[PDB]
Amino acid sequence: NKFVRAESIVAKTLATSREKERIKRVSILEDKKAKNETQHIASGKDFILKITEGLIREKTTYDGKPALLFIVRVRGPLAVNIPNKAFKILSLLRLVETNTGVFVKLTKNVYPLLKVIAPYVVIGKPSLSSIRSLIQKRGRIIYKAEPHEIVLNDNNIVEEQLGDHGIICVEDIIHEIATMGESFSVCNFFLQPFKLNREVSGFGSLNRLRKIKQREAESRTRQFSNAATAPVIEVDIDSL
Amino acid sequence: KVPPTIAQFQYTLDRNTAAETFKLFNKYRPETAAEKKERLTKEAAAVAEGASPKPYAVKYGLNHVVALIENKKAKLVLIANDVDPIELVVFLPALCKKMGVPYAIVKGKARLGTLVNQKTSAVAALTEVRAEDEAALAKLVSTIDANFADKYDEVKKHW
Amino acid sequence: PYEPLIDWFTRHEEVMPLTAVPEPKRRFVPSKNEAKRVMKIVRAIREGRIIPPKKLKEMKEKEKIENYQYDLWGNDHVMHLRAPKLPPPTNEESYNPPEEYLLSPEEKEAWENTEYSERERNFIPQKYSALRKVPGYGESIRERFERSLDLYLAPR
Amino acid sequence: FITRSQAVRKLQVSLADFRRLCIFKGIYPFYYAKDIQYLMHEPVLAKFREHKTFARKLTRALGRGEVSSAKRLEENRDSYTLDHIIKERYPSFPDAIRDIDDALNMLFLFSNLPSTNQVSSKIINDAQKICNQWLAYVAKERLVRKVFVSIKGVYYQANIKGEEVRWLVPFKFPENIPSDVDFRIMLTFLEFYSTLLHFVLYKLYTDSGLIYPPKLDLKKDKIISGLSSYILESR
RNA sequence: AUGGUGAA
RNA sequence: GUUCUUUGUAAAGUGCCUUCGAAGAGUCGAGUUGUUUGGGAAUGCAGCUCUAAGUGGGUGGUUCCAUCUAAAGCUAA
RNA sequence: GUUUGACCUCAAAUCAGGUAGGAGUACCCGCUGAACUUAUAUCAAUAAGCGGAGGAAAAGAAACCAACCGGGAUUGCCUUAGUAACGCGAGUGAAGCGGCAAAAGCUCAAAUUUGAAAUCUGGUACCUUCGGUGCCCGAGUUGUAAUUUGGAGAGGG
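Residues numbered from 1 in each chain as written, not as in the entry; some residues may be left out. Chains lettered and ligands numbered in written order. Part of a larger assembly, values for the part shown. Heavy atoms only, no water.

In the PDB archive, cryo-EM is given as the structure determination method for this entry, at a resolution of 3.5 Å.

Looking at this structure, I do not really get the sheet that holds strand β3 (residues 165-169) of chain D. What am I missing?
Paired through backbone hydrogen bonds, the strands of a sheet run either parallel or antiparallel to each other. Residues and elements named next belong to chain D. One open sheet holds the three strands; their spatial order is β1-β2-β3, and the pairing between them is antiparallel. Strands with a single pairing partner mark the edges of an open sheet, and in this sheet they are β1 (144-149) and β3. Sheet twist, expressed as the mean angle between neighbouring strand axes with direction ignored, is 20 degrees. The sheet strands contacting helix α8 (residues 121-141) are β1, β2 (154-158) and β3, and the helix crosses β3 at an angle near 130 degrees. (Pairing = 2+ DSSP bridges. Helix = DSSP H or I, 4+ residues; strand = E, 2+ residues; numbered from the N terminus. Axes fitted to C-alpha atoms, helices over the stretch in contact; angles between N-to-C directions. Contact = heavy atoms within 4.5 Å.)

Looking at this model, I keep getting lost on the pairing of strand β3 (residues 67-73) of chain A. Mind explaining?
Here is the key point about a regular strand: its side chains alternate between the two faces of the sheet. Residue and element names in this part refer to chain A. Most of β3 is tucked away, with seven of its seven residues classed as buried. Summarising the sheet, β3 and strand β5 (residues 121-124) pair through four bridges and their orientation is antiparallel. Bridging from a neighbouring strand, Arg73 pairs with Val121 of β5. (Buried < 20%, exposed > 50% of the residue type's maximum accessible area, 1.4 Å probe, protein only.)

Quick question: what am I supposed to make of the protein's contact with RNA strand F here?
All names here are of chain C. As a matter of local geometry, RNA strand F sits amid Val21, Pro22, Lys32, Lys36, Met39, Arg43 and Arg46. In the model, a phosphate oxygen of RNA strand F is placed 3.2 Å from a nitrogen or oxygen of the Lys32 side chain. In the environment of RNA strand F, a phosphate oxygen lies 3.3 Å from a nitrogen or oxygen atom belonging to the side chain of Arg46. Its residues assigned to classes, the surface near RNA strand F shows three nonpolar, no polar and four charged. (Near = heavy atom within 4 Å. Polar contact = N/O pair within 3.5 Å; in protein donor to acceptor, adjacent residues only side chain to side chain. Nonpolar A, V, L, I, M, F, W, Y, C, P; charged D, E, K, R; others polar.)

Is there a simple way to think about the packing of aromatic side chains in this case?
Aromatic rings considered in pairs are described by the distance between their centres and by the relative angle of their planes. Scanning the model with the defined rule gives 24 aromatic pairs over all chains in all. Where D:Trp134 meets D:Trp167, the ring centres are 5.9 Å apart and the plane angle is 85 degrees; that geometry is what we call edge-to-face. Residue D:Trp134 is found in helix α8, and its partner D:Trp167 is found in strand β3; the two are separated by 33 residues along the sequence. Owing to a relative accessible area of 1%, D:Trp134 belongs among the buried residues under this scheme. Between the aromatic rings of D:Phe189 and D:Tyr193, the centroid separation amounts to 5.8 Å while the plane-to-plane angle is 45 degrees, which identifies the pairing as tilted. With D:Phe189 and D:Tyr193 both in helix α9 (residues 183-207) and four residues apart, the pair spans about one turn of that helix. For D:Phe189, a relative accessible area of 5% corresponds to the buried category. Relative accessible area serves as the criterion here: at 7%, D:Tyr193 is assigned to the buried category. An aromatic cluster of three or more residues is present, and its members are B:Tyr11, B:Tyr103, B:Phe148 and B:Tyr152. (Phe/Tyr/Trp six-rings, centres within 6.5 Å; stacked < 30°, edge-to-face > 60°.)

I'm lost on the sheet that holds strand β1 (residues 76-80) of chain B in this one. Help?
Residue and element names in this part refer to chain B. Read across the sheet, three strands follow the order β2-β1-β3 without closing on themselves; strand pairing throughout is mixed. One side of each edge strand has no neighbouring strand; the edge strands of this open sheet are β2 (103-106) and β3 (123-126). Across the sheet, the axes of successive neighbouring strands diverge by a mean angle of 20 degrees, strand direction being ignored. Bridging between β1 and β3 involves four bridges; their strand directions are antiparallel.

I'm lost on the pattern of salt bridges in this one. Help?
Oppositely charged side chains can form a pair if their charged atoms are brought close together. In total, this model carries 37 salt bridges over all chains according to the counting rule given. Here B:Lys98 makes a salt bridge to C:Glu14, at a shortest N to O gap of 2.7 Å. Remark: C:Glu14 occurs in the segment before α1 (25-28) and B:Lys98 occurs in helix α4 (residues 87-99); the pair is interchain, linking two chains. A relative accessible area of 9% means that B:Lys98 is categorised as buried. A salt bridge links D:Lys152 to C:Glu143; its shortest N-O distance comes to 2.6 Å. Of this pair, D:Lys152 sits in the loop between β1 and β2 while C:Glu143 sits in helix α5 (residues 140-152), on two different chains. Taken individually, D:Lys152 and C:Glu143 each receive the classification buried, so the pair is uniform in this respect. Several salt bridges converge on common partners, so that one network encompasses A:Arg5, A:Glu7 and B:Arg15. (Salt bridge = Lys/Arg side-chain N within 4 Å of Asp/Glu carboxyl O.)

Sorry, what's going on with the pairing of strand β4 (residues 101-106) of chain A here?
Residue and element names in this part refer to chain A. Burial runs high along β4: five of the six residues are buried. As paired elements, β3 and β4 share six bridges and run antiparallel to each other. Within the sheet, the bridge partner assigned to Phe70 lies in β4 and is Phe103.

Would you mind showing me how to read the environment of A:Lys115 here?
Structurally, A:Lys115 is set in helix α3 (residues 111-116). When neighbours within four sequence positions are excluded, A:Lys115 is seen to be in contact with A:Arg22, A:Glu30, A:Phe47, A:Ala230, A:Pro231 and A:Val232.

What is the right way to look at the interface of chain D and chain C in this model?
How big an interface is tends to be expressed through the accessible area that disappears when the partners come together. At the junction of the two partners, chain D supplies 47 residues and chain C supplies 39 residues. Both sides of the chain D and chain C interface together cover about 4,300 Å² of buried area, and 67% of this is carbon and sulfur. There are four salt bridges connecting chain D and chain C. The salt bridge partner of C:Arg147 is D:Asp102, with a shortest N-O separation of 3.1 Å. Across the contact surface, chain D and chain C share 14 residue pairs in polar contact. For the side of chain D that touches chain C, the secondary structure elements donating two or more residues are α2 (15-25), α6 (83-89), α7 (93-111), β1 and α9 of chain D. No other element matches the nine residues that α9(D) contributes to the side of chain D that touches chain C. By residue class, the composition of the side of chain D that touches chain C is 29 nonpolar, six polar and 12 charged. (Buried area = accessible area lost by both parts, 1.4 Å probe.)

Given below as structure tokens:
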């Protein structure tokens, strides 16, 4: 294959070491917090940061009430190879592919994982309209061996797949996902999470400039705190 | 064949050294016409309704660079290897060596012009650099010296 | 004839420069030409000649949105020009049609096997039990593309 | 007649640009020499030449390594307008109303089309906004007369000034985009129909004494975003 | 001599 | 004359004190072959082998001194 | 990257903005140029021919003239003078100084603006149009903007 230079190897090694140190510190702090040995730590209460357009920063604590969250892959940092600790979490959510997104239920046990995978993904709480549009625009149903991933097309297919829990149409799945329904976990796993199209999706004179501008804006909009008690960063997913 | 003074060029820096030098130079791109014009208009608008430090930029003018050399003010000098009037640049390497100013020969005058918002720049030199890049400037100077004076110590010999 | 050059003159580095040329104050002082240009721009702005960049931004923000804010009215009669014929109405493609329109499997097989763009119908009417059971239609894109092609590829 | 290659050479324009101009002007073929000669005077050709010059200049600037210059060039650039091309093709408003059938069909089809690489999400959002405006105007005027749910979709017929224009809307289910269709050709029609529908909607709102473009209900836009979320005010 | 014209 | 504008830490001139302080090369010149003058030091112009220095070089008379700074250009009477 | 873009070069456009042809020719500025006519000299650096502008043209402010108590752009007249000088026969033939007419000196190259290519051609919208401003593009850094030509000149107090 193509020759590999030393600069890239050194940069990747340093970035991976930094990421591993951050992950180890965050995991150790979270484990101690769960043990209730909060006598000597930087902070005990959880924090969630909301950033929106000019930019305004809002810091709010996290409560035990369940909430709906949407997570989209970001493919970052640039020179950071995904570590095993983050690799397992990504594989569990099958979000390895870029631009992929899925819906998860916000719980106390999920907050440490969200913090661990915070730099790699962008999270937020979408509105009902956004969820409905996303579900009705894209979808996948695995059909019979079953090597086919044909897009969702018929309501009767929904009846055939689940059937038992009254899920007979796409609107039933939309309600179960948006609302804290019993079948929220079951439907989400079978939903074959969406593969959102990339932003620029182009290359050329104008496309290169647009991509450069988008990358420049991404750095300002998204940041990697790298702190042990780094609050979870939330953006307006409805815009996407 | 060609005399020793000719063929002294074309013994440019290696890929890594040239890339590092251009990366360092790209941090001191002189403001283009539009940038300077907008800055001046903003200053005028501020003055209309009611102390910056010395600006840092790469000195590139052939006459300006030659004036900077022979006074020991310049620290690094980049020399194009494709100057059609070769006589304009034949004396630059020897003059720099006599003055002791570190110098290097880079491939293409258009490459020098690109980093100075010009179609073609005969030479590109640095006089003053920010304290942050002072260590980087010294490291680049040492690397250029090692890769040019010692590696190509025979550049001034063997016709 | 061919011998290496000798550094008799370049062997010793020049410790001292060539000419003193005492430095002018402008080198240690902010540029005066820039100040002159700034004063000229200030004079132009005062004389109502140059719009400040903030004023230009404010004016342009109001502008660029006044489009489609004027009535345009308030053509094929030429012998060598013909109007574009519109498509005919529907051909009984109801989601819940009478059982007669439900083509038999033998004729449905012939419809499927036949070539494309030379077919009586682009669809197979079906008897769906409920409205909610109506599926999607991914062939609408192809039909619209064909219509667009025919619009500009019609030798009238 | 003059061959297509001959006409392109006479116009010395790119094949894609020539097709765009032909679609905008409605030329059909092997084309008449007089029609092609007349088409050469359209300002759209000058706009395309300016676009090509800007593209080459921007490529030069980006290759040189000056992002600021490219950004400034892009900011100063302006897109061409189809406002005057509409009038010549449709001298009278009734002609535009009659021809609005294909425009509405294409706009409604593209509104439900998912975002892809070929078409940016901005175009889809604009088409959805145009469709919402049209639906709100139709509902306010109560011009819907015929409904026919079919495999293709629901065939609507709005009696705009008694012209009973028939339009089709596909279902909301996801659509698998085929590779056979070339979106480049469809994009020109999309833009032309978007401009035509913008002008027609403004004219209709002015006739009905309604302010255009109306805003959208934000609280509804977070729940039932669509036709209902687009509030309209008479004055 | 200089500058041109014609021509079994 | 009448006026409307002036503009800005903007420009110019003189004396004093300090530090610097850059001048035209296939060019002069020699050689050689033709032309020019009534010109004895063919100066001047024309082909070509050759081709220099910057307290230097050219033009002259006396063992030194006198004048100028060529190889770039404009200017009404 | 088996790939894109730049620098440089070479060509096309019935593209936009520009100019040379020729005539006239007494005077001017260069090339070229004979014989009659008289004992290399002489008609003669003339006649004719060729090329280039004007109302005048060239030249013009010393690498000058002078050996004096020194003069101080070029130009034309008188004078120097029918002298010096040449040919030593025939003949050819100047110039300094002196008086008069008129008098204006300047523009580049050469040493860094580098604390800011600050210069300018062209397109466009306006106005107070032999032009001015804003914007845009290009020329330029292989040098356009300030000052200086020894009579000096430049950076500072």
